[PDB]
$ cat run22.cif   # mmCIF, C-alpha atoms; chains and numbers go by the auth columns
data_input
#
loop_
_atom_site.group_PDB
_atom_site.id
_atom_site.type_symbol
_atom_site.label_atom_id
_atom_site.label_comp_id
_atom_site.label_asym_id
_atom_site.label_seq_id
_atom_site.Cartn_x
_atom_site.Cartn_y
_atom_site.Cartn_z
_atom_site.B_iso_or_equiv
_atom_site.auth_seq_id
_atom_site.auth_asym_id
ATOM 1 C CA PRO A 1 -42.543 17.931 22.766 0.00 4 P
ATOM 2 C CA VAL A 2 -40.524 14.730 22.579 0.00 5 P
ATOM 3 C CA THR A 3 -36.828 14.688 21.816 0.00 6 P
ATOM 4 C CA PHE A 4 -35.356 11.893 19.588 0.00 7 P
ATOM 5 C CA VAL A 5 -32.107 9.967 20.290 0.00 8 P
ATOM 6 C CA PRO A 6 -30.803 8.194 17.158 0.00 9 P
ATOM 7 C CA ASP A 7 -29.029 4.860 16.917 0.00 10 P
ATOM 8 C CA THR A 8 -25.171 5.011 16.662 0.00 11 P
ATOM 9 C CA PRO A 9 -24.530 4.982 12.902 0.00 12 P
ATOM 10 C CA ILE A 10 -23.110 1.695 11.581 0.00 13 P
ATOM 11 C CA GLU A 11 -19.720 2.007 9.832 0.00 14 P
ATOM 12 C CA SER A 12 -18.755 0.003 6.726 0.00 15 P
ATOM 13 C CA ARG A 13 -17.307 -3.510 7.212 0.00 16 P
ATOM 14 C CA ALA A 14 -13.884 -2.310 5.849 0.00 17 P
ATOM 15 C CA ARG A 15 -13.687 0.329 8.533 0.00 18 P
ATOM 16 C CA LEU A 16 -14.978 -1.856 11.372 0.00 19 P
ATOM 17 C CA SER A 17 -12.407 -4.547 10.539 0.00 20 P
ATOM 18 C CA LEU A 18 -9.455 -2.164 11.095 0.00 21 P
ATOM 19 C CA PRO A 19 -6.883 -3.477 13.715 0.00 22 P
ATOM 20 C CA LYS A 20 -6.877 -1.100 16.726 0.00 23 P
ATOM 21 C CA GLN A 21 -3.113 -0.450 16.250 0.00 24 P
ATOM 22 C CA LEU A 22 -3.753 1.223 12.944 0.00 25 P
ATOM 23 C CA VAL A 23 -5.610 4.367 11.833 0.00 26 P
ATOM 24 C CA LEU A 24 -7.195 5.772 8.658 0.00 27 P
ATOM 25 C CA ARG A 25 -6.047 9.111 7.344 0.00 28 P
ATOM 26 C CA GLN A 26 -5.303 10.729 4.003 0.00 29 P
ATOM 27 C CA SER A 27 -2.661 8.855 1.915 0.00 30 P
ATOM 28 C CA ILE A 28 0.436 10.387 0.310 0.00 31 P
ATOM 29 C CA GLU A 29 -7.119 8.750 -1.090 0.00 35 P
ATOM 30 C CA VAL A 30 -7.724 7.361 2.466 0.00 36 P
ATOM 31 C CA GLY A 31 -4.632 5.400 3.624 0.00 37 P
ATOM 32 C CA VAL A 32 -3.687 3.198 6.578 0.00 38 P
ATOM 33 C CA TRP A 33 -1.333 4.592 9.175 0.00 39 P
ATOM 34 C CA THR A 34 0.287 3.158 12.312 0.00 40 P
ATOM 35 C CA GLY A 35 -0.895 4.300 15.724 0.00 41 P
ATOM 36 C CA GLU A 36 2.094 2.561 17.438 0.00 42 P
ATOM 37 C CA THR A 37 5.228 0.598 16.449 0.00 43 P
ATOM 38 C CA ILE A 38 4.583 -2.355 14.144 0.00 44 P
ATOM 39 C CA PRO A 39 7.462 -4.868 14.431 0.00 45 P
ATOM 40 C CA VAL A 40 9.111 -6.439 11.443 0.00 46 P
ATOM 41 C CA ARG A 41 7.506 -9.825 10.569 0.00 47 P
ATOM 42 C CA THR A 42 3.989 -8.754 11.545 0.00 48 P
ATOM 43 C CA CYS A 43 1.461 -10.349 9.167 0.00 49 P
ATOM 44 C CA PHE A 44 -2.050 -9.013 8.226 0.00 50 P
ATOM 45 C CA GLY A 45 -4.781 -10.981 6.380 0.00 51 P
ATOM 46 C CA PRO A 46 -6.238 -12.597 4.618 0.00 52 P
ATOM 47 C CA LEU A 47 -7.523 -9.869 2.271 0.00 53 P
ATOM 48 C CA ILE A 48 -11.331 -9.826 1.930 0.00 54 P
ATOM 49 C CA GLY A 49 -12.819 -8.347 -1.265 0.00 55 P
ATOM 50 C CA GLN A 50 -15.355 -8.942 -4.078 0.00 56 P
ATOM 51 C CA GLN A 51 -14.443 -12.211 -5.832 0.00 57 P
ATOM 52 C CA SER A 52 -14.988 -12.474 -9.579 0.00 58 P
ATOM 53 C CA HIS A 53 -14.008 -15.603 -11.584 0.00 59 P
ATOM 54 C CA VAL A 54 -8.743 -0.960 -11.733 0.00 71 P
ATOM 55 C CA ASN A 55 -5.764 -0.302 -9.403 0.00 72 P
ATOM 56 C CA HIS A 56 -7.897 -2.305 -6.923 0.00 73 P
ATOM 57 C CA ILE A 57 -7.575 -5.890 -8.301 0.00 74 P
ATOM 58 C CA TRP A 58 -5.687 -8.881 -6.909 0.00 75 P
ATOM 59 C CA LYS A 59 -5.160 -11.927 -9.103 0.00 76 P
ATOM 60 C CA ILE A 60 -5.370 -15.367 -7.517 0.00 77 P
ATOM 61 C CA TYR A 61 -3.626 -18.180 -9.429 0.00 78 P
ATOM 62 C CA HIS A 62 -4.006 -21.849 -8.601 0.00 79 P
ATOM 63 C CA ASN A 63 -2.104 -24.648 -10.329 0.00 80 P
ATOM 64 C CA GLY A 64 -1.099 -22.167 -13.066 0.00 81 P
ATOM 65 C CA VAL A 65 -4.515 -20.743 -13.987 0.00 82 P
ATOM 66 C CA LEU A 66 -5.962 -17.392 -12.976 0.00 83 P
ATOM 67 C CA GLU A 67 -8.836 -18.655 -10.897 0.00 84 P
ATOM 68 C CA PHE A 68 -10.325 -15.294 -9.852 0.00 85 P
ATOM 69 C CA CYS A 69 -9.719 -11.585 -9.131 0.00 86 P
ATOM 70 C CA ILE A 70 -10.382 -9.837 -5.789 0.00 87 P
ATOM 71 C CA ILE A 71 -11.513 -6.333 -6.299 0.00 88 P
ATOM 72 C CA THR A 72 -11.113 -3.902 -3.398 0.00 89 P
ATOM 73 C CA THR A 73 -13.323 -0.939 -4.083 0.00 90 P
ATOM 74 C CA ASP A 74 -16.451 -1.439 -1.992 0.00 91 P
ATOM 75 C CA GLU A 75 -16.192 -0.756 1.702 0.00 92 P
ATOM 76 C CA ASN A 76 -19.142 -3.122 2.299 0.00 93 P
ATOM 77 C CA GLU A 77 -17.500 -6.016 0.531 0.00 94 P
ATOM 78 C CA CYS A 78 -13.920 -5.719 1.848 0.00 95 P
ATOM 79 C CA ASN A 79 -11.843 -5.642 5.011 0.00 96 P
ATOM 80 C CA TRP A 80 -9.549 -2.689 5.902 0.00 97 P
ATOM 81 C CA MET A 81 -6.730 -3.903 3.712 0.00 98 P
ATOM 82 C CA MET A 82 -8.585 -2.298 0.748 0.00 99 P
ATOM 83 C CA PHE A 83 -7.283 0.978 2.199 0.00 100 P
ATOM 84 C CA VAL A 84 -3.607 0.127 2.059 0.00 101 P
ATOM 85 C CA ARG A 85 -1.969 2.111 -0.768 0.00 102 P
ATOM 86 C CA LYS A 86 0.768 0.860 -3.036 0.00 103 P
ATOM 87 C CA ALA A 87 4.264 2.194 -2.430 0.00 104 P
ATOM 88 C CA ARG A 88 5.455 4.582 -5.253 0.00 105 P
ATOM 89 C CA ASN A 89 9.159 3.573 -4.840 0.00 106 P
ATOM 90 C CA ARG A 90 11.288 0.951 -2.932 0.00 107 P
ATOM 91 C CA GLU A 91 12.256 3.451 -0.132 0.00 108 P
ATOM 92 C CA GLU A 92 8.660 4.207 0.934 0.00 109 P
ATOM 93 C CA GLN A 93 7.620 0.504 0.868 0.00 110 P
ATOM 94 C CA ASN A 94 7.195 -1.340 4.242 0.00 111 P
ATOM 95 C CA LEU A 95 4.748 -4.228 3.480 0.00 112 P
ATOM 96 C CA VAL A 96 5.175 -7.097 1.066 0.00 113 P
ATOM 97 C CA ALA A 97 1.892 -8.487 -0.404 0.00 114 P
ATOM 98 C CA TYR A 98 1.854 -12.166 -1.373 0.00 115 P
ATOM 99 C CA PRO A 99 -0.652 -15.076 -1.969 0.00 116 P
ATOM 100 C CA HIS A 100 -0.663 -17.999 0.524 0.00 117 P
ATOM 101 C CA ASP A 101 -3.204 -20.809 0.310 0.00 118 P
ATOM 102 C CA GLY A 102 -5.071 -18.701 -2.354 0.00 119 P
ATOM 103 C CA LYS A 103 -5.420 -15.622 -0.149 0.00 120 P
ATOM 104 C CA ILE A 104 -3.506 -12.346 0.021 0.00 121 P
ATOM 105 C CA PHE A 105 -1.495 -11.399 3.111 0.00 122 P
ATOM 106 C CA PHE A 106 0.612 -8.285 3.888 0.00 123 P
ATOM 107 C CA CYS A 107 3.714 -8.659 6.006 0.00 124 P
ATOM 108 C CA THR A 108 5.970 -5.899 7.470 0.00 125 P
ATOM 109 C CA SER A 109 9.451 -5.687 5.864 0.00 126 P
ATOM 110 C CA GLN A 110 10.888 -3.720 8.843 0.00 127 P
ATOM 111 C CA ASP A 111 9.743 -2.140 12.144 0.00 128 P
ATOM 112 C CA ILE A 112 7.321 0.653 11.207 0.00 129 P
ATOM 113 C CA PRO A 113 7.351 3.444 13.829 0.00 130 P
ATOM 114 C CA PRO A 114 4.137 5.248 14.911 0.00 131 P
ATOM 115 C CA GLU A 115 2.604 7.698 12.409 0.00 132 P
ATOM 116 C CA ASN A 116 3.828 6.001 9.297 0.00 133 P
ATOM 117 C CA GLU A 117 1.669 5.048 6.339 0.00 134 P
ATOM 118 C CA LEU A 118 1.491 1.411 5.425 0.00 135 P
ATOM 119 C CA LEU A 119 2.664 1.058 1.772 0.00 136 P
ATOM 120 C CA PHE A 120 2.752 -2.233 -0.076 0.00 137 P
ATOM 121 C CA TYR A 121 4.601 -3.907 -2.875 0.00 138 P
ATOM 122 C CA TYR A 122 4.171 -7.367 -4.368 0.00 139 P
ATOM 123 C CA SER A 123 6.612 -10.091 -3.507 0.00 140 P
ATOM 124 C CA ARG A 124 8.934 -11.233 -6.272 0.00 141 P
#
$ encode --input "run22.cif" --output "structure tokens"
Amino acid sequence: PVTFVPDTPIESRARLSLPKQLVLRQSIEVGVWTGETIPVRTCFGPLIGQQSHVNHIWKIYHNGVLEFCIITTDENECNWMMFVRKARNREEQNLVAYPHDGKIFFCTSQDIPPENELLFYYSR
């Protein structure tokens, strides 16, 4: 009898896009953790998600009008940044999330040692 060898399964786009210096593990529900030190002023982006002109919605304004929302729910429609959870307080927070040129970027507020969860808050 013949034995069958399957293809290597294909992971979702969100997962494949993950920077090698980061890992996915359960959040404080999947979250993004550091596999090594991430220096202050390290920037990630832009966010990729489903564009449409809950808890997973980014608002893009342009010249004072809400142009569209990015929704970050579907692993096939987003990059890895859909996995980054929102800090629950100002202590825990280590990424600032902000629009630039109509796209969302996350930037480290401080050096983040290995084995820390990435946790965002909005800029001012």
$ resolve_selection --input "run22.cif" --expression "the PyMOL selection byres ((chain P and resi 26-28) around 12)" --output "ChimeraX atom specification"
/P:17-25,29-31,35-42,97-102,131-135
$ closest_residue --input "run22.cif" --among "P:4, P:45, P:130, P:51" --to "residue P:114" --atoms "only C-alpha atoms"
P:51
$ closest_residue --input "run22.cif" --among "P:95, P:121, P:53, P:112" --to "residue P:77" --atoms "only C-alpha atoms"
P:121
$ residues_around --input "run22.cif" --residues "residue P:76" --least-positions-apart "5" --cutoff "8 Å" --atoms "only C-alpha atoms" --output "ChimeraX atom specification"
/P:83-87
$ atom_distance --input "run22.cif" --atom1 "atom CA of residue P:56" --atom2 "atom CA of residue P:140"
22.0 Å
$ atom_distance --input "run22.cif" --atom1 "atom CA of residue P:92" --atom2 "atom CA of residue P:54"
10.3 Å
$ closest_residue --input "run22.cif" --among "P:138, P:88, P:94, P:80" --to "residue P:110" --atoms "only C-alpha atoms"
P:138
$ atom_distance --input "run22.cif" --atom1 "atom CA of residue P:122" --atom2 "atom CA of residue P:49"
6.8 Å
$ closest_residue --input "run22.cif" --among "P:106, P:111, P:93, P:11" --to "residue P:125" --atoms "only C-alpha atoms"
P:111
$ axis_aligned_box --input "run22.cif" --around "stretch 37-45 of chain P" --padding-each-side "4 Å" --output "lines of an AutoDock Vina configuration file"
center_x = 1.4
center_y = 0.3
center_z = 10.5
size_x = 20.1
size_y = 18.3
size_z = 21.8
